[PDB]
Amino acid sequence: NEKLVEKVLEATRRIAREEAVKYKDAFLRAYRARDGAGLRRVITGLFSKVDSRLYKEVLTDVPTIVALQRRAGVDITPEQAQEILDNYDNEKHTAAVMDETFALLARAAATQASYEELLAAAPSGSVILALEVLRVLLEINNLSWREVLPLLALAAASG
């Protein structure tokens, strides 16, 4: 499981880096305006695009889905993983994952949690994916988590 999830994360990080460059200027504009709703829209758009590609290219079978969920401490059966694959809906999934992710980010902002701590707190495999995507977007903009967390918490109350 450890080995397959690192393959998942390697592909997630690569795809996120490819896509994030297209969104980096819009991300910075929302950051500089301290526009919580706008920042959330840009992160949501990047994640939707990455996640759509993941469900075509990376998250395509039972062992991959099972391994991703195990990393977040969720044990699922083969049939439960196949249900995830068969019911995937990009729009519905992106929205639900962004809700959980922004709630986690609001808590991290209130406690000044580190990235490693907030990642360890991810309640699902999809939240892990969302946090990895966000980390790539921050890094290519040379933005620190301390700089952006307050605005992310405001986005948790917006949308």
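Numbers follow the displayed sequence, beginning with 1.
For the pair 64 to 72 and 35 to 43, the mean B factor over Cα atoms is greater in 64 to 72.
With 55 to 63 and 99 to 107 compared on mean CA B-factor from the PDB entry, the stretch scoring higher is 55 to 63. Among the modelled residues of its chain, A26 has a C-alpha B-factor that falls in the middle third according to the deposited record. Compared with the other modelled residues of the chain, the Cα B-factor recorded for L119 ranks in the highest third.
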